[PDB]
Structures are given as C-alpha cells and as structure tokens.
file entry_27.txt (compact mmCIF, N, CA and C atoms and all ligand atoms)
# COMPACT_ATOMS: atom_id res chain seq x y z
N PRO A 17 -1.31 18.74 60.92
CA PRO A 17 -1.25 19.50 59.66
C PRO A 17 -1.03 18.61 58.44
N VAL A 18 -1.45 19.09 57.27
CA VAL A 18 -1.22 18.39 56.01
C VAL A 18 -0.47 19.32 55.08
N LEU A 19 0.11 18.75 54.03
CA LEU A 19 0.73 19.51 52.97
C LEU A 19 -0.08 19.31 51.71
N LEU A 20 -0.11 20.34 50.86
CA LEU A 20 -0.86 20.29 49.62
C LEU A 20 0.12 20.43 48.46
N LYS A 21 0.40 19.32 47.78
CA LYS A 21 1.45 19.31 46.76
C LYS A 21 0.91 19.10 45.36
N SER A 22 1.33 19.97 44.45
CA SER A 22 1.02 19.84 43.04
C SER A 22 1.71 18.59 42.56
N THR A 23 0.94 17.67 41.98
CA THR A 23 1.54 16.44 41.49
C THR A 23 2.48 16.69 40.31
N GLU A 24 2.07 17.57 39.41
CA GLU A 24 2.82 17.80 38.18
C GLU A 24 4.18 18.49 38.41
N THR A 25 4.21 19.48 39.30
CA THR A 25 5.43 20.26 39.49
C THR A 25 6.14 19.98 40.80
N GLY A 26 5.51 19.20 41.67
CA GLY A 26 6.08 18.92 42.97
C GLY A 26 6.20 20.13 43.87
N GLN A 27 5.45 21.19 43.59
CA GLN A 27 5.44 22.36 44.46
C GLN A 27 4.35 22.27 45.52
N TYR A 28 4.65 22.78 46.72
CA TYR A 28 3.71 22.81 47.82
C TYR A 28 3.03 24.17 47.88
N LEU A 29 1.75 24.19 48.20
CA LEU A 29 1.04 25.46 48.36
C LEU A 29 1.55 26.16 49.59
N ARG A 30 1.68 27.48 49.51
CA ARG A 30 2.16 28.26 50.62
C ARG A 30 1.34 29.53 50.74
N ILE A 31 0.85 29.85 51.94
CA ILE A 31 0.27 31.16 52.17
C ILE A 31 1.27 31.99 52.97
N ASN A 32 1.70 33.10 52.38
CA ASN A 32 2.67 33.96 53.03
C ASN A 32 1.98 34.91 53.99
N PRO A 33 2.72 35.41 54.99
CA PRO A 33 2.14 36.34 55.96
C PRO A 33 1.59 37.61 55.30
N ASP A 34 2.15 37.99 54.16
CA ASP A 34 1.64 39.18 53.47
C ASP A 34 0.32 38.93 52.72
N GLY A 35 -0.20 37.70 52.78
CA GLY A 35 -1.48 37.40 52.15
C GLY A 35 -1.36 36.81 50.76
N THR A 36 -0.16 36.85 50.19
CA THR A 36 0.03 36.23 48.88
C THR A 36 0.10 34.71 49.00
N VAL A 37 -0.22 34.05 47.90
CA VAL A 37 -0.20 32.60 47.86
C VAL A 37 0.66 32.16 46.69
N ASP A 38 1.62 31.29 46.95
CA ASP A 38 2.43 30.77 45.86
C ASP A 38 2.86 29.33 46.13
N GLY A 39 3.70 28.80 45.26
CA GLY A 39 4.16 27.43 45.40
C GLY A 39 5.64 27.41 45.72
N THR A 40 6.08 26.42 46.48
CA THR A 40 7.49 26.31 46.82
C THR A 40 7.89 24.84 46.90
N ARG A 41 9.16 24.54 46.64
CA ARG A 41 9.66 23.19 46.88
C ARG A 41 10.49 23.12 48.15
N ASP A 42 10.45 24.18 48.95
CA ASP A 42 11.18 24.23 50.22
C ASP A 42 10.42 23.53 51.35
N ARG A 43 10.64 22.22 51.47
CA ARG A 43 9.96 21.39 52.46
C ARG A 43 10.13 21.90 53.90
N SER A 44 11.11 22.77 54.12
CA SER A 44 11.38 23.24 55.47
C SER A 44 10.59 24.50 55.83
N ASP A 45 9.88 25.07 54.86
CA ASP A 45 9.11 26.29 55.09
C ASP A 45 7.91 25.97 55.99
N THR A 46 7.78 26.66 57.12
CA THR A 46 6.68 26.40 58.04
C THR A 46 5.34 26.84 57.44
N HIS A 47 5.41 27.70 56.42
CA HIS A 47 4.20 28.24 55.80
C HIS A 47 3.47 27.32 54.81
N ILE A 48 3.99 26.11 54.59
CA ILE A 48 3.29 25.15 53.72
C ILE A 48 2.37 24.22 54.50
N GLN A 49 2.31 24.38 55.83
CA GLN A 49 1.43 23.53 56.63
C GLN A 49 -0.02 24.03 56.67
N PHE A 50 -0.97 23.14 56.39
CA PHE A 50 -2.39 23.50 56.38
C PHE A 50 -3.22 22.68 57.36
N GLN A 51 -4.34 23.25 57.78
CA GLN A 51 -5.36 22.50 58.48
C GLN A 51 -6.60 22.47 57.61
N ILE A 52 -7.16 21.29 57.40
CA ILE A 52 -8.40 21.17 56.65
C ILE A 52 -9.55 21.06 57.65
N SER A 53 -10.47 22.01 57.62
CA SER A 53 -11.55 22.02 58.60
C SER A 53 -12.90 22.00 57.93
N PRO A 54 -13.90 21.42 58.61
CA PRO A 54 -15.24 21.35 58.01
C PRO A 54 -15.86 22.73 57.94
N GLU A 55 -16.61 22.95 56.87
CA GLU A 55 -17.48 24.10 56.74
C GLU A 55 -18.85 23.53 56.40
N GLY A 56 -19.77 23.52 57.36
CA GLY A 56 -21.06 22.89 57.14
C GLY A 56 -20.88 21.39 56.98
N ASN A 57 -21.73 20.76 56.18
CA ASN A 57 -21.69 19.30 56.08
C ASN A 57 -21.04 18.69 54.82
N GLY A 58 -20.60 19.53 53.88
CA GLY A 58 -20.03 19.02 52.63
C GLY A 58 -18.84 19.78 52.06
N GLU A 59 -18.38 20.80 52.77
CA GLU A 59 -17.30 21.65 52.26
C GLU A 59 -16.17 21.72 53.28
N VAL A 60 -15.02 22.26 52.87
CA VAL A 60 -13.90 22.47 53.77
C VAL A 60 -13.30 23.85 53.59
N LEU A 61 -12.59 24.29 54.62
CA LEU A 61 -11.74 25.45 54.53
C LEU A 61 -10.30 24.95 54.56
N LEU A 62 -9.41 25.67 53.89
CA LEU A 62 -8.00 25.30 53.89
C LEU A 62 -7.24 26.43 54.57
N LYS A 63 -6.82 26.19 55.81
CA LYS A 63 -6.24 27.25 56.62
C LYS A 63 -4.76 27.03 56.86
N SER A 64 -4.00 28.11 56.73
CA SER A 64 -2.58 28.12 57.09
C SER A 64 -2.38 27.93 58.59
N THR A 65 -1.62 26.90 58.94
CA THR A 65 -1.38 26.55 60.32
C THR A 65 -0.65 27.69 61.04
N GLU A 66 0.31 28.30 60.35
CA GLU A 66 1.19 29.27 60.99
C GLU A 66 0.69 30.71 60.96
N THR A 67 -0.21 31.03 60.03
CA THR A 67 -0.66 32.42 59.92
C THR A 67 -2.13 32.59 60.20
N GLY A 68 -2.86 31.49 60.25
CA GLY A 68 -4.29 31.55 60.48
C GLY A 68 -5.09 32.02 59.27
N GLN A 69 -4.43 32.22 58.13
CA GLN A 69 -5.15 32.66 56.91
C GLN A 69 -5.83 31.53 56.13
N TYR A 70 -6.99 31.84 55.55
CA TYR A 70 -7.71 30.88 54.72
C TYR A 70 -7.44 31.11 53.25
N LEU A 71 -7.33 30.01 52.51
CA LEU A 71 -7.13 30.10 51.08
C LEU A 71 -8.42 30.61 50.45
N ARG A 72 -8.29 31.53 49.49
CA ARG A 72 -9.43 32.13 48.79
C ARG A 72 -9.17 32.17 47.28
N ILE A 73 -10.12 31.69 46.48
CA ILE A 73 -10.02 31.92 45.04
C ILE A 73 -11.02 33.01 44.69
N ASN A 74 -10.51 34.13 44.21
CA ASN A 74 -11.38 35.26 43.88
C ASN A 74 -12.05 35.07 42.53
N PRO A 75 -13.17 35.76 42.31
CA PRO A 75 -13.87 35.62 41.02
C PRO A 75 -12.95 35.85 39.81
N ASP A 76 -11.97 36.74 39.92
CA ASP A 76 -11.10 37.02 38.78
C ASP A 76 -10.01 35.97 38.56
N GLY A 77 -9.96 34.97 39.44
CA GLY A 77 -9.02 33.88 39.28
C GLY A 77 -7.77 34.02 40.12
N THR A 78 -7.64 35.15 40.80
CA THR A 78 -6.48 35.33 41.69
C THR A 78 -6.71 34.50 42.95
N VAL A 79 -5.61 34.15 43.62
CA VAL A 79 -5.70 33.33 44.82
C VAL A 79 -4.89 34.03 45.88
N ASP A 80 -5.51 34.30 47.02
CA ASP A 80 -4.78 34.94 48.10
C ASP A 80 -5.24 34.37 49.44
N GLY A 81 -4.75 34.94 50.53
CA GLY A 81 -5.12 34.46 51.84
C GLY A 81 -5.93 35.52 52.54
N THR A 82 -6.89 35.10 53.34
CA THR A 82 -7.71 36.05 54.09
C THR A 82 -8.04 35.51 55.47
N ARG A 83 -8.25 36.41 56.42
CA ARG A 83 -8.70 35.99 57.74
C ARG A 83 -10.15 36.36 57.96
N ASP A 84 -10.79 36.82 56.90
CA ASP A 84 -12.22 37.14 56.92
C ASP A 84 -13.06 35.88 56.82
N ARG A 85 -13.53 35.42 57.96
CA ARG A 85 -14.28 34.18 58.05
C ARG A 85 -15.65 34.29 57.36
N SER A 86 -16.10 35.52 57.11
CA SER A 86 -17.38 35.71 56.43
C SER A 86 -17.26 35.63 54.91
N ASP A 87 -16.04 35.52 54.40
CA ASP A 87 -15.81 35.52 52.95
C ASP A 87 -16.42 34.27 52.34
N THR A 88 -17.17 34.45 51.26
CA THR A 88 -17.87 33.36 50.61
C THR A 88 -16.98 32.59 49.61
N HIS A 89 -15.73 33.00 49.46
CA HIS A 89 -14.85 32.39 48.46
C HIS A 89 -13.73 31.55 49.09
N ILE A 90 -13.87 31.23 50.37
CA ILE A 90 -12.89 30.38 51.05
C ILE A 90 -13.35 28.94 51.20
N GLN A 91 -14.55 28.64 50.70
CA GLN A 91 -15.11 27.30 50.79
C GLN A 91 -14.70 26.41 49.62
N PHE A 92 -14.21 25.22 49.93
CA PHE A 92 -13.73 24.28 48.91
C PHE A 92 -14.45 22.95 48.98
N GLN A 93 -14.48 22.27 47.84
CA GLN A 93 -14.79 20.85 47.82
C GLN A 93 -13.57 20.08 47.36
N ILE A 94 -13.28 18.97 48.03
CA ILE A 94 -12.17 18.13 47.63
C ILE A 94 -12.76 16.94 46.90
N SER A 95 -12.35 16.75 45.65
CA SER A 95 -12.84 15.64 44.86
C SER A 95 -11.73 14.67 44.45
N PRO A 96 -11.91 13.39 44.77
CA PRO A 96 -10.98 12.33 44.35
C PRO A 96 -10.80 12.32 42.84
N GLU A 97 -9.60 11.96 42.39
CA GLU A 97 -9.24 12.05 40.98
C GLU A 97 -8.59 10.75 40.51
N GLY A 98 -8.83 9.66 41.24
CA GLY A 98 -8.14 8.41 40.97
C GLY A 98 -6.71 8.50 41.47
N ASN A 99 -6.18 7.38 41.95
CA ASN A 99 -4.91 7.39 42.67
C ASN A 99 -5.06 8.25 43.92
N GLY A 100 -3.95 8.67 44.51
CA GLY A 100 -4.01 9.49 45.69
C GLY A 100 -4.17 10.97 45.37
N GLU A 101 -4.78 11.28 44.24
CA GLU A 101 -4.85 12.67 43.79
C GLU A 101 -6.25 13.27 43.93
N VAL A 102 -6.29 14.57 44.22
CA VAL A 102 -7.55 15.26 44.42
C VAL A 102 -7.52 16.59 43.66
N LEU A 103 -8.71 17.13 43.39
CA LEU A 103 -8.83 18.49 42.91
C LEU A 103 -9.39 19.32 44.05
N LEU A 104 -9.03 20.60 44.08
CA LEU A 104 -9.49 21.49 45.14
C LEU A 104 -10.30 22.58 44.45
N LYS A 105 -11.62 22.49 44.56
CA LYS A 105 -12.52 23.32 43.78
C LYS A 105 -13.24 24.31 44.67
N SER A 106 -13.17 25.58 44.28
CA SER A 106 -13.96 26.65 44.88
C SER A 106 -15.45 26.39 44.69
N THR A 107 -16.20 26.38 45.78
CA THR A 107 -17.63 26.12 45.61
C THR A 107 -18.35 27.31 44.95
N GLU A 108 -17.89 28.52 45.26
CA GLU A 108 -18.60 29.73 44.85
C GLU A 108 -18.38 30.05 43.37
N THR A 109 -17.17 29.81 42.87
CA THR A 109 -16.83 30.18 41.50
C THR A 109 -16.60 28.99 40.57
N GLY A 110 -16.58 27.78 41.13
CA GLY A 110 -16.35 26.60 40.32
C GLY A 110 -14.94 26.52 39.76
N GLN A 111 -14.02 27.32 40.30
CA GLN A 111 -12.62 27.25 39.85
C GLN A 111 -11.79 26.24 40.65
N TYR A 112 -10.87 25.57 39.97
CA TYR A 112 -9.91 24.65 40.60
C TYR A 112 -8.61 25.38 40.91
N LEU A 113 -8.03 25.09 42.06
CA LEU A 113 -6.75 25.67 42.43
C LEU A 113 -5.67 25.09 41.53
N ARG A 114 -4.75 25.95 41.10
CA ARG A 114 -3.69 25.57 40.16
C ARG A 114 -2.35 26.14 40.62
N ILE A 115 -1.29 25.32 40.60
CA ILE A 115 0.04 25.87 40.81
C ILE A 115 0.76 25.80 39.48
N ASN A 116 1.16 26.95 38.97
CA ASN A 116 1.82 27.00 37.68
C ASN A 116 3.31 26.67 37.80
N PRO A 117 3.94 26.26 36.70
CA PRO A 117 5.36 25.91 36.84
C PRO A 117 6.23 27.07 37.34
N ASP A 118 5.82 28.33 37.12
CA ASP A 118 6.61 29.46 37.63
C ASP A 118 6.39 29.76 39.12
N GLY A 119 5.55 28.95 39.77
CA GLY A 119 5.34 29.10 41.20
C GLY A 119 4.15 29.98 41.56
N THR A 120 3.50 30.56 40.55
CA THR A 120 2.30 31.36 40.82
C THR A 120 1.14 30.41 41.08
N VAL A 121 0.16 30.89 41.84
CA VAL A 121 -1.01 30.09 42.14
C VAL A 121 -2.25 30.86 41.71
N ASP A 122 -3.14 30.18 41.00
CA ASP A 122 -4.35 30.83 40.53
C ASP A 122 -5.49 29.83 40.36
N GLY A 123 -6.59 30.28 39.77
CA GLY A 123 -7.75 29.43 39.60
C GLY A 123 -8.09 29.22 38.15
N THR A 124 -8.66 28.06 37.83
CA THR A 124 -9.09 27.78 36.47
C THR A 124 -10.31 26.88 36.49
N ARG A 125 -11.18 27.06 35.50
CA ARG A 125 -12.33 26.19 35.37
C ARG A 125 -12.04 24.98 34.49
N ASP A 126 -10.84 24.94 33.91
CA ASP A 126 -10.50 23.88 32.98
C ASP A 126 -10.12 22.60 33.72
N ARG A 127 -11.04 21.64 33.79
CA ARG A 127 -10.81 20.41 34.54
C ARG A 127 -9.76 19.49 33.90
N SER A 128 -9.40 19.75 32.65
CA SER A 128 -8.38 18.95 31.99
C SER A 128 -6.97 19.50 32.20
N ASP A 129 -6.86 20.61 32.94
CA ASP A 129 -5.56 21.21 33.19
C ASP A 129 -4.74 20.27 34.06
N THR A 130 -3.49 19.98 33.70
CA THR A 130 -2.71 19.02 34.47
C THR A 130 -2.21 19.60 35.80
N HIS A 131 -2.29 20.92 35.94
CA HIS A 131 -1.70 21.58 37.10
C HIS A 131 -2.69 21.78 38.25
N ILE A 132 -3.88 21.19 38.13
CA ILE A 132 -4.88 21.28 39.19
C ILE A 132 -4.93 20.03 40.09
N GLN A 133 -4.05 19.07 39.83
CA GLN A 133 -4.02 17.83 40.62
C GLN A 133 -3.14 17.96 41.84
N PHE A 134 -3.67 17.57 43.00
CA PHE A 134 -2.95 17.69 44.26
C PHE A 134 -2.89 16.37 45.02
N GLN A 135 -1.81 16.18 45.77
CA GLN A 135 -1.77 15.09 46.73
C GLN A 135 -1.74 15.69 48.14
N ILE A 136 -2.66 15.24 48.98
CA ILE A 136 -2.70 15.70 50.36
C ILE A 136 -1.90 14.71 51.20
N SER A 137 -0.96 15.20 51.99
CA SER A 137 -0.18 14.31 52.85
C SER A 137 0.01 14.86 54.25
N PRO A 138 -0.17 14.01 55.27
CA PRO A 138 0.18 14.39 56.64
C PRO A 138 1.63 14.87 56.70
N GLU A 139 1.89 15.91 57.48
CA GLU A 139 3.22 16.50 57.57
C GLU A 139 4.17 15.58 58.32
CL CL A 201 4.11 29.15 34.42
call {"tool": "encode", "arguments": {"input": "entry_27.txt", "output": "structure tokens"}}
result
Amino acid sequence: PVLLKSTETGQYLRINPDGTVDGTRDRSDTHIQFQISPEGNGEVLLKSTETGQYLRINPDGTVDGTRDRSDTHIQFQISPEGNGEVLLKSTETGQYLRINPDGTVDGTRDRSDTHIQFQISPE
C-alpha cells in the first residue's frame, strides 16, 4: 500500500466506509492506505486498501468513493511535478484532486493551486 499526502497541509487522503472522502493527519488510520492499479496502458485507479472503494472526482467537483468499476470518473493520471511531488488528475473531467486546509477534498482545474500537490509514499 501507499499513502497519498498533501504536501502543503500534510494531510493524508482518506476514503471512509460511508463513501465520503476527506483528509486526515492521523497516521494510524487504516483508511489512508491505497493501492495504485493500472487501468489500460496509461491511467491508474486509486483504491482504498481497507474498503475496496475507488476514488472518484465527479463533474461537479465533489470527490467520493465508489465500488462501481464501470464508473468513468475513477480514472487518474499521475503527473510528476518536480521533486517527489505529483498531481493526481481526473482523465474524464481534467480536474486535479485537492485537499483543503479544512480537511475537505474536492477537484479543481486550477493547476496553479498549491493544494493539488501530493507525495506518494510506501506505507
Ligand atoms: Cl479550507
């Protein structure tokens, strides 16, 4: 498993069993563990290790978890950002995953937003 941490706020992405997605600094939470798996030849899915849910950025910018493997909004591209940092971009909507300082998680098309930078680390 890997962890997905917001560089700016030091919060880890978490998919809760209720399907909501938020950020936490609780390193002991089992729900911050992810598996990155291939989808076709150029994309990835980001799946919760403990709940089996996939991260989804909806067209309206909300971010939640789903187990619907047919959903077209669970596909991501990971793009290097210099240093050990990456952006996590929805292929379908062109939105970047963002963790806000209040712990909410959402999507934005603004590539200059400081809250879209992530560091991926083995657990
Ligand atoms: Cl905020």
call {"tool": "residues_near_ligand", "arguments": {"input": "entry_27.txt", "ligand": "ligand CL 201 (chain A)", "cutoff": "5 Å", "atoms": "all atoms listed in the file", "output": "PyMOL selection string"}}
result
chain A and resi 116-118
call {"tool": "closest_residue", "arguments": {"input": "entry_27.txt", "among": "A:128, A:59, A:25, A:64", "to": "residue A:91", "atoms": "only N, CA and C atoms"}}
result
A:59
call {"tool": "select_by_dssp", "arguments": {"input": "entry_27.txt", "residues": "chain A", "states": "helix (DSSP H, G or I)", "output": "PyMOL selection string"}}
result
chain A and resi 46-48+130-132
call {"tool": "residues_around", "arguments": {"input": "entry_27.txt", "residues": "residue A:48", "least_positions_apart": "6", "cutoff": "7 Å", "atoms": "only C-alpha atoms", "output": "PyMOL selection string"}}
result
chain A and resi 19+28-31
call {"tool": "atom_distance", "arguments": {"input": "entry_27.txt", "atom1": "atom C of residue A:92", "atom2": "atom CA of residue A:61"}}
result
6.7 Å
call {"tool": "select_by_dssp", "arguments": {"input": "entry_27.txt", "residues": "chain A", "states": "strand (DSSP E or B)", "output": "VMD selection string"}}
result
chain A and resid 18 to 22 28 to 31 36 to 40 50 to 55 59 to 64 70 to 73 78 to 82 92 to 96 102 to 106 112 to 115 120 to 124 134 to 138
call {"tool": "atom_distance", "arguments": {"input": "entry_27.txt", "atom1": "atom N of residue A:66", "atom2": "atom N of residue A:112"}}
result
23.4 Å
call {"tool": "closest_residue", "arguments": {"input": "entry_27.txt", "among": "A:56, A:123, A:35, A:26", "to": "residue A:136", "atoms": "only C-alpha atoms"}}
result
A:26
